[PDB]
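Peer 1: Before I ask anything, here is the structure I am working with.
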Amino acid sequence: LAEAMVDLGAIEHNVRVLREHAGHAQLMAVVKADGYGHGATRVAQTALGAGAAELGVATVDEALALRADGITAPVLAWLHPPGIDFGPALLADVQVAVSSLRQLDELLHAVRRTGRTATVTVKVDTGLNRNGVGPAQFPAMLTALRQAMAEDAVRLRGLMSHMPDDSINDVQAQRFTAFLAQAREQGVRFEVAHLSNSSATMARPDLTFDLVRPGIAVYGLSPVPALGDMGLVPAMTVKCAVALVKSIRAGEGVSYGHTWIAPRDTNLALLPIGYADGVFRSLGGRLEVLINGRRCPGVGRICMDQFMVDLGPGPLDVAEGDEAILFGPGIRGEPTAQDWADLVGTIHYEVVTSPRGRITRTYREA
Amino acid sequence: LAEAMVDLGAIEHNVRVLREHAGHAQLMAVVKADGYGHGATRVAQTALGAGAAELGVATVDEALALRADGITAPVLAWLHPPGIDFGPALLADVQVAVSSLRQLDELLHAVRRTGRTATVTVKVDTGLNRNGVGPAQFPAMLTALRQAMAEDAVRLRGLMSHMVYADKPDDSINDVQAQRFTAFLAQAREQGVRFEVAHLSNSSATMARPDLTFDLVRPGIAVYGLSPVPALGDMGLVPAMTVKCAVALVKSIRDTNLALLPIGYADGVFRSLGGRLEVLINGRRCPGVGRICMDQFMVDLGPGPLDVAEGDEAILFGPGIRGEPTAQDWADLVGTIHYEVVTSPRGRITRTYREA
Ligand SMILES: *Cc1c(COP(=O)(O)O)cnc(C)c1O
Ligand SMILES: *Cc1c(COP(=O)(O)O)cnc(C)c1O
């Protein structure tokens with residue numbers, strides 16, 4: 001019907017490029033939100049197979065699904081509900097990042113229930129101000145960790161914070177540096193530090209610490225759009241089969257509300273996916289699809305489960321069953337996720353986490 | 001962490017309301033797209049319990065899921081990709097709407113291979129200009145349907161078509177489509193063919209143009225309690241879906257406090273709502289601040305003594321009883337319609353049910 005084809009060969013490519021940019025630092029591939037819509041387990045397997053060292057996700061739930069799928073590499077999780085029981089994480093060897101004193105108390109309580117040493121990371125706030133430990137709270141946090149470490153309740157794995165040439169990076173980096181120094185000055189030692197997302201990894205190599213945590217560039221989407229594709233290959237191609245071809249006459253309206261009235265006799269193609277499958281309704285009359293090497297603009301509203309495109313009045317070169325490409329890396333001239341983002345007024349992150357319903361996720365091996 | 005809670009009590013209500021409007025017309029509850037994101041199977045069971053006569057879906061796949069879920073009531077599917085195997089539909093007592101001769105020929109091949117008579121409906125074009133047979137091709141279709149009927153390959157169940165407007169009941173195209181539909185009924189007659197039922201109505205036509213009702217109505221959006229003509233108000237319906245999550249964190253920052261809600265655009269929280277939406281927390285509206293992130297966003301609780309605690313419920317949208325925003329409200333802010341809003345929740349927003 002429709003598919004979101006994920007090319008694990010591009011994933012492999014993207015991780016290799018990130019590894020080169022990260023230089024000496026190891027790579028934590030970020031596979032939260034089911035691999036940014038690309039499949040967390042499959043992308044994790046491929047990224048690890050191409051040399052990433054660790055995996056990063058938001059929730060402990062995300063981490064356990066990777067484990068139930070047989071993933072054995074290190075996994076870190078950093079976004080936790082209040083009151084969470086950290087037990088299952090400790091038992092399944094999931095690393096936990098804490099962003100407050102209460103959360104460390106929650107974690108130490110589970111260490112006591114399970115008898116399982118926690119591999120902890122502290123998430124500090126460097127101007128971000130959503131969550132993370134503040135400079136004011138950091139001394140108390142350090143004192144607790146030192147005591148926890150002394151009895152082997154925790155392993156002090158990491159310090160982390162979250163963000164190109166804007167000064168605001170330099171300051172955040174400095175502030176990050178001060179946290180490392182305070183820790184240093186109070187005799188608390190972390191095995192690694194990391195502050196770099198995809199953008200910082202690729203555009204600000206001077207700010208890379210021991211690890212980098214790229215998400216968006218692993219899927220080959222550009223971490224700084226204005227700069228171009230930065231050598232990455234977008235891994236997702238969303239496409240579907242043409243369900244019908246029909247000619248229509250000038251002056252005829254198409255689809256709900258007849259917001260489009262043909263200015264001339266033309267051929268149309270019905271594509272059988274719509275906004276319930278993740279084709280943003282705001283794309284109506286704005287997107288273009290690629291069919292047999294040609295761009296075809298959407299005409300009329302996007303419906304719940306279908307929309308039409310105009311093939312033009314030229315010699316008909318489309319048949320039922322042919323392939324229409326909605327977005328992809330662009331290599332065949334098809335539109336990109338960035339193109340949709342521009343049309344809709346959003347970011348490619350939201351575009352690749354949109355496909356669903358009848359768009360089936362499929363993979364091309366590397 | 002978050003849920004899309006579907007009140008099956010509202011469903012039931014909405015369906016009785018629709019039955020009142022449908023009068024003697026039989027009701028086909030439309031449950032395509034997994035019941036408009038509300039859950040096809042559970043919504044179908046409730047609707048049939050509320051008096052719906054039949055179910056409508058877009059694809060045979062959707063119909064087969066209802067069958068696999070124990071539904072035995074009549075189900076009609078009307079959008080079929082090229083290459084579809086109609087065999088499994090026939091074997092599962094799924095009705096098939098065909099919109100071309102080629103589709104009927106495919107269906108007749110399937111009839112011969114399975115040994116099962118097809119219960120067919122013909123989808124005709126009365127104005128949408130999408131997928132329906134057009135008047136010039138209808139005679140050849142009628143002829144093929146008569147020969148098959150005579151030879152017991154098919155049961156001639158319905159004639160159907162779809163309205164160009166989903167929400168403007170008094171535009172004259174509505175009237176025009178209904179007269180085009182009658183003309184198709186005229187053609188059938190002249191070809192010595194009759195259909196058991198004819199249907200053209202969606203939620204809007206059902207509730208606001210009952211003069212245009214034929215034998216059957218096909219309401220979708222109204223079953224879920226969403227207004228088919230938003231300008232007229234809630235039209236006596238009750239939106240069945242409530243989306244909410246817990247406050248994950250409270251944060252002191254003029255001087256004020258923020259709540260972190262741990263769902264974002266990957267969960268279906270449209271990114272363009274950022275800095276525009278409001279949530280309901282302890283009976284007060286709390287405006288979003290900053291951008292919606294992929295898996296979280298912030299809202300302003302205001303300054304002073306806190307009335308809000310981590311773990312408290314935040315309502316993103318619902319019927320509006322408790323003063324929470326509505327799906328229509330999100331639609332107004334995003335520039336869309338509530339249909340797209342209710343098919344948006346996913347990822348960590350878990351669908352739940354309240355029994356009626
Ligand atoms: C989402 C996320 C990342 C990945 O960021 P990108 O911009 O996708 O590279 C890294 N670290 C944290 C804490 C994140 O939440
Ligand atoms: C979607 C659909 C409906 C439901 O329309 P509403 O506007 O939701 O009431 C009815 N009939 C067909 C053929 C449909 O595709």
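Following the order of the structure tokens, chains are lettered A, B, ..., residues in each are numbered from 1, and ligands are numbered from 1.
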So that each row is one residue of chain A with an atom at most 9 Å from ligand 2, can you give its shortest atom pair and the distance in Å to one decimal, using only C-alpha atoms and all ligand atoms, rows by chain and rising number, as a tab-separated table?
Peer 2:
```
residue	atom	partner	partner_atom_place_in_ligand_line	distance
A:303	CA	ligand 2	1 (C)	8.5
A:304	CA	ligand 2	1 (C)	7.1
A:305	CA	ligand 2	15 (O)	8.3
```
Peer 1: Would you write out those residues with C-alpha atoms, as a tab-separated table (two decimals), in the first residue's frame?
Peer 2:
```tsv
chain	number	residue	atom	x	y	z
A	303	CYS	CA	-8.26	13.75	2.90
A	304	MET	CA	-8.16	11.38	5.81
A	305	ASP	CA	-6.81	8.57	3.72
```
Peer 1: Up to 7 Å from chain A, what residues of chain B turn up? Count only C-alpha atoms and give them as a PyMOL selection string.
Peer 2: chain B and resi 33+81-82+128-130+164-165+248+265-266+271+310-311+340+343
Peer 1: Which chains and residue numbers are within 6 Å of ligand 1, counting only C-alpha atoms and all ligand atoms, if I want them as a list in words?
Peer 2: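 Listing the residues within 6 Å of ligand 1 gives residues 30, 162, 197, 198, 213, 214, 215 and 216 of chain A.
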Peer 1: Take the residues that were just selected and, keeping C-alpha atoms, output them as an mmCIF file, in the first residue's frame.
Peer 2:
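The resulting file, result.cif, is shown below:
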```
data_model
loop_
_atom_site.group_PDB
_atom_site.id
_atom_site.type_symbol
_atom_site.label_atom_id
_atom_site.label_comp_id
_atom_site.auth_asym_id
_atom_site.auth_seq_id
_atom_site.Cartn_x
_atom_site.Cartn_y
_atom_site.Cartn_z
ATOM 1 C CA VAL A 30 20.142 8.559 19.906
ATOM 2 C CA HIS A 162 22.078 19.571 26.189
ATOM 3 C CA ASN A 197 24.055 16.783 19.856
ATOM 4 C CA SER A 198 24.195 16.359 16.047
ATOM 5 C CA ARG A 213 24.994 12.048 21.286
ATOM 6 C CA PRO A 214 23.750 12.669 17.725
ATOM 7 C CA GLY A 215 20.188 11.775 16.823
ATOM 8 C CA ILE A 216 18.965 13.688 13.768
#
```
Peer 1: Leaving out region 179-185 of chain B and any residue of its chain fewer than 5 positions from it, which residues lie within 8 Å of it when counting only C-alpha atoms, given as a list in words?
Peer 2: residues 124, 126, 135, 138, 161 and 200 of chain B
Peer 1: Using only C-alpha atoms, which residues sit within 10 Å of residue 337 (chain A) once same-chain residues fewer than 2 positions away are excluded, as an MDAnalysis selection string?
Peer 2: chainID A and resid 221:222 234 236:238 326:330 334:335 339:343 347:352
Peer 1: Go ahead and write the selection's residues with C-alpha atoms as an mmCIF file, in the first residue's frame.
Peer 2:
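Wrote out_5.cif, looks like this:
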```cif
data_model
loop_
_atom_site.group_PDB
_atom_site.id
_atom_site.type_symbol
_atom_site.label_atom_id
_atom_site.label_comp_id
_atom_site.auth_asym_id
_atom_site.auth_seq_id
_atom_site.Cartn_x
_atom_site.Cartn_y
_atom_site.Cartn_z
ATOM 1 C CA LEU A 221 18.708 14.686 8.273
ATOM 2 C CA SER A 222 20.700 17.899 8.375
ATOM 3 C CA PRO A 234 18.530 10.907 4.695
ATOM 4 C CA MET A 236 13.821 7.451 5.093
ATOM 5 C CA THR A 237 11.899 7.334 1.804
ATOM 6 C CA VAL A 238 8.103 7.560 2.097
ATOM 7 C CA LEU A 326 6.497 11.691 -1.269
ATOM 8 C CA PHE A 327 9.919 12.413 0.246
ATOM 9 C CA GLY A 328 13.383 10.879 0.475
ATOM 10 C CA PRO A 329 17.093 11.730 0.338
ATOM 11 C CA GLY A 330 16.510 13.561 -2.954
ATOM 12 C CA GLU A 334 12.199 13.543 -5.131
ATOM 13 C CA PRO A 335 11.356 16.109 -2.407
ATOM 14 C CA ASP A 339 10.922 20.477 1.842
ATOM 15 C CA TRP A 340 7.802 19.305 3.674
ATOM 16 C CA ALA A 341 9.060 21.099 6.801
ATOM 17 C CA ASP A 342 9.412 24.340 4.872
ATOM 18 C CA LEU A 343 5.981 23.994 3.354
ATOM 19 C CA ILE A 347 11.206 20.921 11.197
ATOM 20 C CA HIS A 348 12.204 17.610 9.505
ATOM 21 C CA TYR A 349 12.257 15.978 12.958
ATOM 22 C CA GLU A 350 8.509 16.244 13.024
ATOM 23 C CA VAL A 351 8.165 15.060 9.422
ATOM 24 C CA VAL A 352 9.905 11.674 9.948
#
```
Peer 1: Could you list, as a ChimeraX atom specification, every residue within 6 Å of residue 314 (chain B), counting only C-alpha atoms and ignoring same-chain residues fewer than 4 positions away?
Peer 2: /B:244-246,280-281
Peer 1: Can you check which residues of region 10-144 of chain A DSSP gives as helix (DSSP H, G or I) on the backbone and send them as a PyMOL selection string?
Peer 2: chain A and resi 10-22+32-36+40-49+60-68+87-91+101-114+138-144
